[PDB]
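Worksheet for the structure shown next.
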Amino acid sequence: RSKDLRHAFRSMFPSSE
């Protein structure tokens, strides 16, 4: 979704990585 696209920003962080 267009709102879920904001969750992709976390992938850049070390928490998601």
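Residue numbering restarts at 1 in every chain; chains get A, B, ... in the order shown in the structure tokens, and ligands count up from 1 in that same order.
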Please report, as a tab-separated table (two decimals) with C-alpha atoms, in the first residue's frame, each residue of chain A to which DSSP assigns helix (DSSP H, G or I) when run on this structure's backbone.
chain	number	residue	atom	x	y	z
A	4	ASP	CA	3.12	0.74	3.94
A	5	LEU	CA	5.78	2.33	1.74
A	6	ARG	CA	6.82	4.23	4.86
A	7	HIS	CA	7.84	0.94	6.48
A	8	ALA	CA	10.49	0.49	3.78
A	9	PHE	CA	12.41	3.41	5.27
A	10	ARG	CA	13.15	1.22	8.29
A	11	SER	CA	15.00	-1.26	6.07
A	12	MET	CA	17.72	1.38	5.82
